[PDB]
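A single chain, nothing else alongside it, follows as structure tokens in the form deposited in one PDB entry.
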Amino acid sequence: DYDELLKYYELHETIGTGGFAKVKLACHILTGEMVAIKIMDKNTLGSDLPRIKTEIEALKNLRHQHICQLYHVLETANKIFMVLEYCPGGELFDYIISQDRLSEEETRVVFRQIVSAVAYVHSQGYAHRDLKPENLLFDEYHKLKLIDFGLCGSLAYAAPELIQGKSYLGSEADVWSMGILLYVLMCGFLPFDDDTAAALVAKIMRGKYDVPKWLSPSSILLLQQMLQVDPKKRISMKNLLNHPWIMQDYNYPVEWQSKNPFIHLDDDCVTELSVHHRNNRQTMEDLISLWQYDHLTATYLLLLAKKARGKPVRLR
């Protein structure tokens, strides 16, 4: 149901096309800021409900320049709504196709942002496990924002040990997937590719792939370190962060650390919320610090975003 949602947001166009979920552009009424709202249906999710809720819980604990920001989770009889940072530049998927394949130096810029995000995810004790271009969006500055739940699918990005249901480390699976992404960025097609699941899986397990003539020797060496069938022989995140290839154009390791972590509440945002809700400062801070990802969380985070853009920290 939409009744509560529409008390806080005005719906604009559909932007995201899907199968179990729609995405809408919307305005957050109190702040006037634009958001994307992902609409998921509970019955259509079925027994993925728990797994989806677990991942939503994980997202509540991430805060990073290359990870899409969550503002609000609203649950009803049949729906879960996720109110998220609007990323107007569209999927990395469509960008790759539009350009055929990226230059080595553009792929380096973009790939460093992926590594930044994924390294941070790992540092917080999580692993993504479904990295692929459909799960990466560009903002209006053409910076990458990692998402999830995006639509043989992700089989082509899946690590061999993952594919065969055996024991694995999420971090190692993520490195394999980033290797597939690296290939695609530079080639415009997949390293392992086929008409059926059995054929595709067979190829993945063997680990052989073509090396186009335009790939540099250093690109070739990095690809082989990331696409090692045996997870133990795969490059670690530690060694990826300062890899020679990674630092070839910009001679500094990947800045993976969060650039705007939540430390203390922002006083200007608290002040404005206090005047608005007719609360004193202590009472308002106490409410905000519950971090329920309700409408109050959303309002706080969106005022914080306003301030970051130099706009008056003001509610309408």
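Note that residue numbering follows the sequence shown and begins at 1. Rigid core: the largest C-alpha set superposing within 1.5 Å between the two forms.
Below: the form deposited in another entry, not depicted.
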{"property": "Displaced residue check between this form and the one not shown: residue 271, CA, 2 Å or over, core reference", "result": "yes"}
{"property": "Large Cα shift (2 Å or above) at residue 129 between this form and the one not shown, core-fitted", "result": "no"}
{"property": "Per-residue C-alpha change between this form and the one not shown, residue 76, threshold 2 Å, rigid core fit", "result": "yes"}
{"property": "Shift in CA distance, residue 183 and residue 19, in the other entry relative to the form shown here, given it is 3 Å or more", "result": "farther"}
{"property": "Cα distance between residue 92 and residue 40, which in the other entry differs by 3 Å or more from this form, closer or farther", "result": "farther"}
